[PDB]
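Chemist: My structure is below; once you've seen it, I'll send some questions.
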Amino acid sequence: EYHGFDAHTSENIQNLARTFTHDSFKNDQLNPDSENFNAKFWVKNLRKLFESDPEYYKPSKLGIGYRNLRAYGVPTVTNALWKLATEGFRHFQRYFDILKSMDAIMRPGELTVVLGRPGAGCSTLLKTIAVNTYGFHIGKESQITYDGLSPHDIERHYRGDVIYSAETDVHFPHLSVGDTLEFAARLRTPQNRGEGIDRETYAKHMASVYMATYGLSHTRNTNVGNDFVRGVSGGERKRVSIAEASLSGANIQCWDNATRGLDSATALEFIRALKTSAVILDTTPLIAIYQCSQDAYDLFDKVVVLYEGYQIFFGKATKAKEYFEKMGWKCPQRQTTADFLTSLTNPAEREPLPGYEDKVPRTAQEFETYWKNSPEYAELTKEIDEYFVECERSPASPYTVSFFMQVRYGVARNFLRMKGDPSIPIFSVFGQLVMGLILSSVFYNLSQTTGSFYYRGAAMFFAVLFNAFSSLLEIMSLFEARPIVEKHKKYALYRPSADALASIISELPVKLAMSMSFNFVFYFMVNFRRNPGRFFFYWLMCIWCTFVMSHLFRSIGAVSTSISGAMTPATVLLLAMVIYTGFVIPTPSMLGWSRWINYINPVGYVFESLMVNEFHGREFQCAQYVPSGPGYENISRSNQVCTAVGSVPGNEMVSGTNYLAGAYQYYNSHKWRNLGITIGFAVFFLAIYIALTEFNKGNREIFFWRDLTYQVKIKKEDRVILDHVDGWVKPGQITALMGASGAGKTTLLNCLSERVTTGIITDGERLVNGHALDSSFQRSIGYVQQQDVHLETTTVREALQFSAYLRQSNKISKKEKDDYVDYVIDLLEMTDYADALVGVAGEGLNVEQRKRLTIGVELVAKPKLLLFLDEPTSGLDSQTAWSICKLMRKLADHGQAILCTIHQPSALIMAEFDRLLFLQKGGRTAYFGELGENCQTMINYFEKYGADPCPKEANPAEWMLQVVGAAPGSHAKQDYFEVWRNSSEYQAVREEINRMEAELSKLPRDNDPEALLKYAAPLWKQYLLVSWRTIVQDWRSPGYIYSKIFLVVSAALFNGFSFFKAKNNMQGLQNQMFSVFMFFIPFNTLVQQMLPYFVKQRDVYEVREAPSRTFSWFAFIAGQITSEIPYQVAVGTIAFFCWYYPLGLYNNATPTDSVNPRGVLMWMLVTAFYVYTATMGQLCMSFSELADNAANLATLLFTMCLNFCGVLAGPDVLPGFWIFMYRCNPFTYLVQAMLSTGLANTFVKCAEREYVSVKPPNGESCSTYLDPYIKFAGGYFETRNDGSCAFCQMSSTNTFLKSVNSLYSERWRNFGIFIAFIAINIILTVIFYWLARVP
Ligand SMILES: CCCCC/C=C/C/C=C/C/C=C/C/C=C/CCCC(=O)OC[C@H](COP(=O)(O)O[C@H]1[C@H](O)[C@H](O)[C@H](OP(=O)(O)O)[C@@H](OP(=O)(O)O)[C@@H]1O)OC(=O)CCCCCCCCCCCCCCCCC
């Protein structure tokens, strides 16, 4: 533990200094070897001395003195657009005072405490001290000085000399404490002239010395961790943050609620660490707290008390109590001074002294008037004026090290973090390699004949994609490291630009590894050009493409806030770049309005360069000559011709350059220019990213138990947790249940309520009115959890109504349920905000209101036996806890039985209970009986059995814990379990229990046949209510439906209008097929957006709803599945209307007069695809825990399905191994149905550049020579008035459709199969959620 710089800390510092000076070897009070030397002076002087002092001014102590300070300040998505319009009008074109006049002076080396109720303005005061005025303004008359400086100077020049970090202790979870402190140590070491001392050794010595000072020595080489990741103790992370802040040379530190959610034994340690920092390093700490112990308060020096923004006192912490006693108020006995000061601002509390009632302030104005009139204010004003006079009488870059070394240290820390967790790099590299292998398997050993042309094209396009999107995952790191960077920017350690540059540099090894592992496999598995120079140029182009894409992704991520928030707008841009690469829409077929996009497309140039590199100067053997078949067996090669874009009549080989110049319109003069253009793009995007990251940042039954014994199996060893604990509860009596940390009071509470999934009961017996527990027990009790888990959308009344409907008995009419909900709302004093959205804890209902809501939710179910409460008064201030205790007292008065577990209470709250049950270590009962008034009964019981008397001003809870021996540093005279066993009152307890069992057993039972039911409401009602609740929650989500609609509409519109009124030439059909292929890309983004709103529902259900037996698991999963169907259907209809019609696919149905069937079928297919997207996302999220893993798995499976969907390679070309994956795939049937419906039964008109020239035999006509082939296979011909024939190979679209294995007569069948797949998905979900999460 930590006891604040004791002898052992001094000797540790002595040893460290001895080792350091011995290492450096290779007056009397500074030499470690000599005696008469103490570590205090060494630590104080190490920062200043032992380092060359820059000529500039860098203060070593800041005391702040301010006078006349004052600060003032100023939905359903259907209404979201109107709200946005109103906000825009507000942007286009009264004052509320939060802090009133106040005076204060704070010298260096004094720890100051700010006291006040929540919302009193302490946080605003601390923000004003730390110059964090953003969000409000300060009056012009206020005089603020920092040892003679000004707020502007501190904000501009000496930033980092005053800091502010309130609750969120942000650290890299996977970085060791030693490394985390060494980072700041090295980044704060000045350079000047380092001769004599090695900088690295000095930084290590500073890190070790400050670790020893704050008692973190044992924590070295241990993960700092986070609330999720395991690591150092929660009480040591705060000390690590203090050590880091003080190590970066922060003079004035301000903390608020830093000790929130921490027990007294650790809040004391935190306060002690602050005190040592103040007294050794001479810093100025300010701390704002609500729950303070007397011992912790004894360490403070100056206290400032706030009352509704009015400063009522400021001075020595010891004199505040005397001053407010002179005021005329009375402090109740056994009340801590901090609690008294806080309660002095509560109208319910603060009972005046006798005789002082007539003259005593009652409102903040009177308090401030007296404070101003008091002589203490005069003395304070005199001191402040003297300080101002003294200050008046008496570095361009706030950072210390130069930019290059900031970048170097950022790179080093990035490498340390990567080595600490080799998950993202290794997984990314191996996933890339495996996906590359699988993809290349489709294009294995492309042939050298012209028949491979198309495939080669595809083989390049996808390559450009894989190198393009290889580094997409890297942006995730930016979101993990964003908070820390901001914090480190505030401390004035390194600019965010340095961090961005270091992040770019540190990922180069991973980019190199991925590029090698993917290209060296893909380029050679697919038989591209074998010339070494060609491969090297391909690798160079791919490397620069991935650089450009990585920088673009980083630039996008620099302004976003989440993966989904970045993906919603980024998907449209990425699709725009992908479609216009030059393969989906070759340049000759690009529309006029989109030709300009290709100019500014950084990926089109890469594709052009790669294709020019491959095809240029290459001769391909012909694979098919247009005149051929049984009719033509012996025809001179002169009359034939190859079926390629650049084919020349009578030539056996087609030239690659002609094909490129004719089909894609690329030339070899652009091979090298495009490399320069891509380098320019990379540099531009790097500059944009750096600029962005630099700038854009900112009850008749009685329940009892007898001889309960409970043991748990751990490490194959049986240890008893509860050893024969007996007790009872009664209506109208509150039974507090307390114990040490290891006493397992929570274990007893959970065991009594049957909420434990582990262990068995050995000897006990639980009885209700003398009868054994039946199956109706679990529904006849209420359980109020410590943590309040509620949906962020449903209002208070909606949540209460939902619980009432789904939990009360079915025979009760709806009107009675609503009446009882109103009664509960009235009884809890909740009427003020009965229609206020719960929302996140930050914005919405505060802690007290949330706790009241939870108690109401558990109450509306109408428990008949008991109401367990788990730590109701933990994590709340001293006033909210009192309010909750009063509410519990009222509930008990109304006729309820309560059994609550209390942790670290105060005397006043403790006085409000009727019975006490104390558990020693190991679950052994010490005392069990009424504690009387002011805990007199328990004190008398313990004293009369050989215990020291309780001090008059001691808190009974702490004294009890100490006498039992659980308190640290306390010795027990003898164990009290045994003395309690034979105490003359344990006999009374036994007699009472036996009498209750013998008498209450004769009371007639209330046999209700509906009670003995596992769930109160029938299954269909639960399913309907859960589905409606989820639908409403999605509707009210803050911009979740709008993101989905925008994404889908934008993608569909871009896809439709890129091929606007597409023609039906040979390349047109391929363009439309790839349009259908690219229609599916929004799948990944839709899944990513949808999953978190499933996570929220799952967490709420599992944490609270499931154990409470509100609705069955099947109801939950079925509701989640049915919730997304309506929104998906609507979005699919919108997408079809925005894609099918602009594409002009309806014209294809005009000749056959089948517009309506082919339109309805297409709409049904599109909606089915979207419903399938939702079902697949939910399935892949059913069994996994994190949303990221489910989204990644869904994307991987979707990509695998797309690879073998039949467009990239049909069944014949596909290797046999993968043939099964071409049949089990759910997208092949969808693609076939869509193509057959949209393209079948229409004519084909070949473009001018795709006609093939044929030279018929001498003395023959085009018809006479080509009719047999035309009959044998489709196509048509024209006369060119030059003796030749211009031939087109396709006359009707049915030929191409048959080539893709899509038939018009089978579309319906295909559609049906797809529906089956959706069905399967749903079924699997309803099964997997049972195997994985249901216990
Ligand atoms: C911080 C990020 C780090 C990123 C990594 C950094 C990378 C920086 C690298 C800088 C190195 C730059 C080297 C550029 C020098 C090119 C010298 C040839 C210039 C030229 O111009 O050579 C054209 C002919 C092919 O050109 P070609 O066949 O398409 O057409 C011509 C013919 O070559 C022919 O020779 C006739 O005339 P020429 O001789 O060319 O004048 C005519 O032929 P026809 O008209 O009859 O068809 C035509 O001109 O190169 C060929 O063969 C293939 C030869 C490979 C071309 C690049 C060399 C290898 C790649 C460079 C580095 C590889 C990757 C780097 C590491 C990877 C990962 C660590």
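In the structure tokens, chains take the letters A, B, ... in the order shown, each chain's residues start at 1, and ligands count up from 1 in the order shown.
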With only C-alpha atoms and all ligand atoms counted, collect every polymer residue having an atom within 6 Å of ligand 1; state the result as a PyMOL selection string.
Modeler: chain A and resi 533-534+536-537+539-540+613+617
Chemist: Taking C-alpha atoms for each residue, export the selection above as a PDB file, in the first residue's frame.
Modeler:
```pdb
ATOM      1  CA  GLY A 533      11.257  -5.748 -64.779  1.00  0.00           C
ATOM      2  CA  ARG A 534       7.532  -5.948 -65.471  1.00  0.00           C
ATOM      3  CA  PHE A 536       8.995  -4.915 -60.323  1.00  0.00           C
ATOM      4  CA  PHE A 537       7.101  -2.101 -62.040  1.00  0.00           C
ATOM      5  CA  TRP A 539       5.011  -3.900 -57.467  1.00  0.00           C
ATOM      6  CA  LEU A 540       6.058  -0.240 -57.523  1.00  0.00           C
ATOM      7  CA  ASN A 613       2.564  -2.387 -68.554  1.00  0.00           C
ATOM      8  CA  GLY A 617       4.070  -5.069 -77.000  1.00  0.00           C
TER       9      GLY A 617
END
```
Chemist: Would you kindly return, as a PyMOL selection string, each protein, DNA or RNA residue with an atom no farther than 12 Å from any atom of residue 271 of chain A, considering only C-alpha atoms and excluding same-chain residues fewer than 6 positions away?
Modeler: chain A and resi 2-4+111-113+214+235+238-239+242+255+257-259+262+264-265+277-278+285-289+292-293+295-301
Chemist: How would the residues just picked look written out with N, CA, C and O atoms as a short mmCIF file (atom, residue, chain, number, x, y, z; two decimals), in the first residue's frame?
Modeler:
```cif
data_model
loop_
_atom_site.label_atom_id
_atom_site.label_comp_id
_atom_site.auth_asym_id
_atom_site.auth_seq_id
_atom_site.Cartn_x
_atom_site.Cartn_y
_atom_site.Cartn_z
N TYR A 2 0.22 2.41 -0.06
CA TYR A 2 0.90 3.70 -0.10
C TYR A 2 0.58 4.48 1.17
O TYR A 2 -0.60 4.63 1.53
N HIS A 3 1.62 4.96 1.85
CA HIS A 3 1.45 5.73 3.08
C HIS A 3 2.16 7.08 3.01
O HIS A 3 2.48 7.66 4.05
N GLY A 4 2.40 7.60 1.81
CA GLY A 4 2.86 8.96 1.65
C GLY A 4 4.30 9.25 2.05
O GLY A 4 4.54 9.95 3.03
N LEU A 111 -2.53 22.12 -0.87
CA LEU A 111 -3.59 21.35 -1.50
C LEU A 111 -4.94 21.98 -1.17
O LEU A 111 -5.27 22.18 0.00
N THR A 112 -5.71 22.30 -2.21
CA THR A 112 -6.99 22.99 -2.06
C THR A 112 -8.13 22.07 -2.45
O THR A 112 -8.01 21.26 -3.38
N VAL A 113 -9.25 22.21 -1.75
CA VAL A 113 -10.43 21.36 -1.94
C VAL A 113 -11.63 22.25 -2.22
O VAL A 113 -11.82 23.27 -1.55
N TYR A 214 5.57 8.07 -5.69
CA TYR A 214 4.13 7.81 -5.68
C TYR A 214 3.80 6.34 -5.43
O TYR A 214 2.65 5.94 -5.62
N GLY A 235 -7.26 1.53 -8.22
CA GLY A 235 -6.75 2.58 -7.36
C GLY A 235 -5.34 3.03 -7.71
O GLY A 235 -4.90 4.07 -7.22
N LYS A 238 -5.11 5.89 -11.03
CA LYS A 238 -5.15 7.30 -10.66
C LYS A 238 -3.78 7.80 -10.24
O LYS A 238 -3.36 8.91 -10.60
N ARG A 239 -3.05 7.00 -9.46
CA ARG A 239 -1.71 7.39 -9.06
C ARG A 239 -0.77 7.43 -10.25
O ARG A 239 0.13 8.28 -10.32
N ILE A 242 -1.45 10.70 -11.89
CA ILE A 242 -0.82 11.78 -11.14
C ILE A 242 0.68 11.81 -11.41
O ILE A 242 1.27 12.88 -11.58
N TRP A 255 -8.32 18.62 -10.50
CA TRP A 255 -9.07 17.39 -10.65
C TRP A 255 -10.46 17.58 -10.07
O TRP A 255 -10.63 18.26 -9.06
N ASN A 257 -13.99 15.08 -9.18
CA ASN A 257 -14.55 13.74 -9.10
C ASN A 257 -13.53 12.69 -9.55
O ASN A 257 -13.89 11.64 -10.08
N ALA A 258 -12.24 12.98 -9.34
CA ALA A 258 -11.22 12.01 -9.69
C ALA A 258 -11.34 10.74 -8.86
O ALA A 258 -10.94 9.66 -9.31
N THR A 259 -11.89 10.84 -7.66
CA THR A 259 -12.07 9.70 -6.77
C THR A 259 -13.45 9.09 -6.88
O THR A 259 -13.80 8.22 -6.08
N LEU A 262 -14.73 5.15 -6.18
CA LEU A 262 -13.58 4.57 -5.49
C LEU A 262 -13.86 4.56 -3.99
O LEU A 262 -14.41 5.51 -3.44
N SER A 264 -13.26 4.48 0.15
CA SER A 264 -12.56 5.44 1.00
C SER A 264 -11.10 5.04 1.21
O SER A 264 -10.21 5.90 1.20
N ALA A 265 -10.84 3.75 1.40
CA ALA A 265 -9.47 3.30 1.63
C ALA A 265 -8.54 3.65 0.48
O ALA A 265 -7.32 3.71 0.67
N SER A 277 2.78 15.14 -3.52
CA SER A 277 3.17 15.93 -4.68
C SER A 277 3.21 17.41 -4.33
O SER A 277 4.12 18.13 -4.76
N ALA A 278 2.23 17.89 -3.56
CA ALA A 278 2.21 19.30 -3.18
C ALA A 278 3.38 19.65 -2.27
O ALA A 278 3.98 20.72 -2.41
N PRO A 285 -2.09 21.67 -6.21
CA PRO A 285 -3.24 20.85 -6.57
C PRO A 285 -4.56 21.40 -6.06
O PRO A 285 -4.68 21.87 -4.92
N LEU A 286 -5.57 21.33 -6.92
CA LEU A 286 -6.95 21.63 -6.59
C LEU A 286 -7.77 20.38 -6.87
O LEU A 286 -7.62 19.77 -7.93
N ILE A 287 -8.63 20.00 -5.93
CA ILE A 287 -9.42 18.78 -6.07
C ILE A 287 -10.85 19.06 -5.64
O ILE A 287 -11.09 19.71 -4.62
N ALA A 288 -11.80 18.58 -6.43
CA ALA A 288 -13.22 18.70 -6.14
C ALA A 288 -13.77 17.31 -5.82
O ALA A 288 -13.65 16.40 -6.64
N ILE A 289 -14.35 17.16 -4.63
CA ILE A 289 -14.88 15.88 -4.17
C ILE A 289 -16.23 16.11 -3.50
O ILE A 289 -16.58 17.23 -3.11
N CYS A 292 -16.17 12.60 1.15
CA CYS A 292 -14.88 12.71 1.81
C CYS A 292 -14.97 12.21 3.24
O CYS A 292 -15.94 12.50 3.94
N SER A 293 -13.96 11.45 3.66
CA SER A 293 -13.85 11.01 5.04
C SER A 293 -13.14 12.08 5.87
O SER A 293 -12.45 12.95 5.35
N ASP A 295 -10.63 11.65 7.95
CA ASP A 295 -9.18 11.49 7.85
C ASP A 295 -8.67 12.07 6.54
O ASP A 295 -7.65 12.78 6.52
N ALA A 296 -9.37 11.82 5.44
CA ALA A 296 -8.97 12.39 4.16
C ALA A 296 -9.04 13.91 4.21
O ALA A 296 -8.15 14.60 3.69
N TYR A 297 -10.09 14.46 4.82
CA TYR A 297 -10.22 15.90 4.92
C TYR A 297 -9.10 16.51 5.75
O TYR A 297 -8.72 17.66 5.52
N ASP A 298 -8.58 15.77 6.73
CA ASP A 298 -7.54 16.32 7.59
C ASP A 298 -6.27 16.68 6.83
O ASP A 298 -5.45 17.44 7.34
N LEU A 299 -6.09 16.16 5.61
CA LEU A 299 -4.90 16.44 4.83
C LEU A 299 -4.98 17.74 4.05
O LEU A 299 -3.96 18.21 3.55
N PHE A 300 -6.16 18.34 3.93
CA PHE A 300 -6.32 19.53 3.11
C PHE A 300 -5.81 20.77 3.85
O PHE A 300 -5.64 20.78 5.07
N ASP A 301 -5.57 21.83 3.08
CA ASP A 301 -5.04 23.08 3.59
C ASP A 301 -6.02 24.24 3.42
O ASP A 301 -6.24 25.01 4.36
#
```
Chemist: When distances are computed from only C-alpha atoms, which of A:1253, A:974, A:640, A:786 shows the smallest separation from residue 869 of chain A?
Modeler: A:786
Chemist: Of the residues A:826, A:421, A:1, A:999, which is the one nearest to residue 218 of chain A, using only C-alpha atoms?
Modeler: A:1
Chemist: Show me a table, sorted first by chain and then by increasing residue number, of the residues of segment 883-968 of chain A having an atom at most 12 Å from segment 847-850 of chain A, each with its shortest atom pair and the distance in Å to one decimal, counting only C-alpha atoms and written as CSV.
Modeler:
```
residue,atom,partner,partner_atom,distance
A:883,CA,A:848,CA,8.3
A:884,CA,A:848,CA,7.6
A:885,CA,A:848,CA,11.3
A:887,CA,A:848,CA,11.1
```
Chemist: Give me, please, the distance in Å between atom CA of residue 345 of chain A and atom CA of residue 951 of chain A, quoted to one decimal.
Modeler: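 It comes out at 27.6 Å.
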Chemist: If you run DSSP over the backbone, which residues in segment 965-1138 of chain A end up helix (DSSP H, G or I)? Put them as an MDAnalysis selection string.
Modeler: chainID A and resid 976:981 986:1000 1019:1036 1041:1058 1066:1078 1083:1108 1113:1138
Chemist: With only C-alpha atoms as the counted atoms, please give the residues lying no more than 12 Å from residue 1308 of chain A, apart from itself and same-chain residues fewer than 2 positions off, as a list in words.
Modeler: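 The filter keeps residues 1157, 1158, 1160, 1161, 1162, 1164, 1165, 1229, 1230, 1232, 1233, 1234, 1236, 1237, 1302, 1303, 1304, 1305, 1306, 1310, 1311, 1312, 1313, 1314 and 1315 of chain A.
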Chemist: What parts of segment 227-290 of chain A does DSSP call strand (DSSP E)? I'd like the answer as a ChimeraX atom specification.
Modeler: /A:252-256,284-288
Chemist: Pick from A:929, A:968, A:347, A:231: nearest to residue 266 of chain A, with only C-alpha atoms counted?
Modeler: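 So, comparing all the options, the nearest one is A:968.
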Chemist: Within 12 Å of residue 1261 of chain A, counting only C-alpha atoms, which residues show up once you throw out same-chain ones fewer than 2 positions away? Write them as a JSON list (two decimals) with N, CA, C and O atoms, in the first residue's frame, please.
Modeler:
```json
[["chain", "number", "residue", "atom", "x", "y", "z"],
["A", 1254, "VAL", "N", -14.35, -9.03, -91.88],
["A", 1254, "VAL", "CA", -14.20, -10.33, -92.52],
["A", 1254, "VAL", "C", -14.07, -10.11, -94.02],
["A", 1254, "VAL", "O", -14.76, -9.26, -94.60],
["A", 1255, "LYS", "N", -13.19, -10.89, -94.66],
["A", 1255, "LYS", "CA", -12.96, -10.80, -96.10],
["A", 1255, "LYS", "C", -13.51, -12.06, -96.76],
["A", 1255, "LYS", "O", -12.87, -13.12, -96.68],
["A", 1256, "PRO", "N", -14.67, -12.01, -97.41],
["A", 1256, "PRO", "CA", -15.26, -13.24, -97.95],
["A", 1256, "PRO", "C", -14.48, -13.73, -99.15],
["A", 1256, "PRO", "O", -13.73, -12.97, -99.77],
["A", 1257, "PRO", "N", -14.64, -15.01, -99.51],
["A", 1257, "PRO", "CA", -13.87, -15.55, -100.64],
["A", 1257, "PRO", "C", -14.20, -14.83, -101.94],
["A", 1257, "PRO", "O", -15.29, -14.28, -102.11],
["A", 1258, "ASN", "N", -13.23, -14.83, -102.85],
["A", 1258, "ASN", "CA", -13.43, -14.19, -104.15],
["A", 1258, "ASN", "C", -14.65, -14.77, -104.84],
["A", 1258, "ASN", "O", -14.90, -15.98, -104.80],
["A", 1259, "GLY", "N", -15.42, -13.90, -105.49],
["A", 1259, "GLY", "CA", -16.64, -14.32, -106.14],
["A", 1259, "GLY", "C", -17.70, -14.81, -105.18],
["A", 1259, "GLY", "O", -18.35, -15.83, -105.45],
["A", 1263, "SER", "N", -23.59, -12.44, -97.38],
["A", 1263, "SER", "CA", -24.64, -13.37, -96.99],
["A", 1263, "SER", "C", -24.30, -14.79, -97.41],
["A", 1263, "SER", "O", -24.33, -15.72, -96.59],
["A", 1264, "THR", "N", -23.95, -14.98, -98.68],
["A", 1264, "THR", "CA", -23.67, -16.33, -99.18],
["A", 1264, "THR", "C", -22.55, -17.00, -98.40],
["A", 1264, "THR", "O", -22.51, -18.23, -98.31],
["A", 1265, "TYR", "N", -21.65, -16.21, -97.81],
["A", 1265, "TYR", "CA", -20.51, -16.76, -97.10],
["A", 1265, "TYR", "C", -20.75, -16.93, -95.60],
["A", 1265, "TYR", "O", -20.13, -17.80, -94.99],
["A", 1266, "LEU", "N", -21.64, -16.13, -95.00],
["A", 1266, "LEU", "CA", -21.80, -16.13, -93.56],
["A", 1266, "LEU", "C", -23.15, -16.66, -93.08],
["A", 1266, "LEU", "O", -23.32, -16.83, -91.87],
["A", 1267, "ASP", "N", -24.09, -16.94, -93.97],
["A", 1267, "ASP", "CA", -25.40, -17.41, -93.52],
["A", 1267, "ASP", "C", -25.32, -18.70, -92.72],
["A", 1267, "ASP", "O", -25.97, -18.79, -91.67],
["A", 1277, "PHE", "N", -24.48, -9.15, -89.65],
["A", 1277, "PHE", "CA", -23.43, -8.60, -90.48],
["A", 1277, "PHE", "C", -23.96, -7.43, -91.28],
["A", 1277, "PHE", "O", -25.16, -7.30, -91.51],
["A", 1278, "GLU", "N", -23.03, -6.57, -91.70],
["A", 1278, "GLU", "CA", -23.34, -5.40, -92.51],
["A", 1278, "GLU", "C", -22.31, -5.29, -93.62],
["A", 1278, "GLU", "O", -21.19, -5.78, -93.50],
["A", 1279, "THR", "N", -22.71, -4.63, -94.71],
["A", 1279, "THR", "CA", -21.81, -4.38, -95.83],
["A", 1279, "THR", "C", -21.16, -3.01, -95.65],
["A", 1279, "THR", "O", -21.86, -2.02, -95.41],
["A", 1281, "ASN", "N", -19.22, -1.45, -97.97],
["A", 1281, "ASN", "CA", -18.94, -0.80, -99.25],
["A", 1281, "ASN", "C", -17.46, -0.82, -99.58],
["A", 1281, "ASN", "O", -16.94, 0.08, -100.24],
["A", 1282, "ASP", "N", -16.75, -1.86, -99.12],
["A", 1282, "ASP", "CA", -15.34, -2.05, -99.44],
["A", 1282, "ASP", "C", -15.02, -3.51, -99.74],
["A", 1282, "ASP", "O", -13.85, -3.90, -99.71],
["A", 1283, "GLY", "N", -16.04, -4.31, -100.04],
["A", 1283, "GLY", "CA", -15.85, -5.72, -100.33],
["A", 1283, "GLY", "C", -15.75, -6.61, -99.12],
["A", 1283, "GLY", "O", -15.56, -7.83, -99.28],
["A", 1284, "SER", "N", -15.86, -6.07, -97.91],
["A", 1284, "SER", "CA", -15.73, -6.83, -96.67],
["A", 1284, "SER", "C", -17.07, -6.83, -95.93],
["A", 1284, "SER", "O", -18.03, -6.17, -96.34],
["A", 1285, "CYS", "N", -17.11, -7.58, -94.84],
["A", 1285, "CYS", "CA", -18.29, -7.69, -94.00],
["A", 1285, "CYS", "C", -17.94, -7.25, -92.58],
["A", 1285, "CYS", "O", -16.91, -7.66, -92.04]]
```
